[PDB]
Q: 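Take this structure first; my questions come after.
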Number of protein chains: 6
Amino acid sequence: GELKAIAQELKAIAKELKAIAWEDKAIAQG
Amino acid sequence: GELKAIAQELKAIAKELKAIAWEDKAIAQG
Amino acid sequence: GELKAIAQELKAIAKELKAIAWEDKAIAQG
Amino acid sequence: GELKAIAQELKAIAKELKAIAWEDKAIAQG
Amino acid sequence: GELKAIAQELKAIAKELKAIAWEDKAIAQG
Amino acid sequence: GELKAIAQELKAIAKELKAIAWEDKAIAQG
Ligand SMILES: [Cl-]
Ligand code: NA
Ligand code: NA
Ligand code: NA
Ligand code: NA
């Protein structure tokens, strides 16, 4: 169903934001 | 249910964005 | 209900994006 | 209704991301 | 309807994230 | 239907965030 697909896509979004957070941490640390 | 799953994923997203804000703060500082 | 919880989480997301915008503004200024 | 509230919060979110893009452009110019 | 309004606001958010990716590219370039 | 349109726009958002992560990675490297 589409609500589950939406939940799954939000999970993917959370994962990409976690990647952004880590890269921004690396910029900050530098 | 999937509506709760969606709300929980949005909660995770809010938490990652708080992390990003914290790292960007550190970028501004350095 | 869960729709209200989703609207709430979106509000928290908007709040964090405002913090990000203010930090990116600080990076730009410096 | 909460669906309208959700649409409104997504509108606020789009507005914040436009503000972020503006500052990131200024960072790029610097 | 509000579901279409939500889909249209998500399309606006994607467009803004595109702009952010483009400016981050410009930052990485310089 | 609009729930599929929403899921599709969330997919486009995840794709743009993957692009931001990659550009921020490039900034971190630089
Ligand atoms: Cl930077
Ligand atoms: Na992280
Ligand atoms: Na200014
Ligand atoms: Na560019
Ligand atoms: Na990396």
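A, B, ... follow the sequence lines: proteins, then strands. Residue 1 opens every chain. For the numbers below, each heavy atom of this structure counts, side chains included, while hydrogens, waters and symmetry mates do not.
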Q: Atom NZ of residue position D:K25 - does it have more than 12 heavy atoms of other residues, nucleotides or ligands inside 6.0 Å?
A: no

Q: How far does CD of C:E2 sit from CD of D:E2, to the nearest 0.5 angstrom?
A: 11.5 Å

Q: In plain terms, say whether C:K18 and D:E16 are close enough for a salt bridge, that is, a side-chain N and a carboxylate O under 4.0 Å apart.
A: yes

Q: At what distance, to the nearest 0.5 angstrom, does CG of C:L17 lie from CD1 of D:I20?
A: 4.5 Å

Q: Out of curiosity, C:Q8 CD to D:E9 CD, how far, rounded to the nearest 0.5 Å?
A: 10.0 Å

Q: Could you grab the distance from atom CG of C:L3 to atom CD1 of D:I6, nearest 0.5 Å is fine?
A: 5.0 Å

Q: Measuring from atom CG of C:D24 to atom CD1 of D:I27, what distance do you get when rounded to the nearest 0.5 angstrom?
A: 5.0 Å

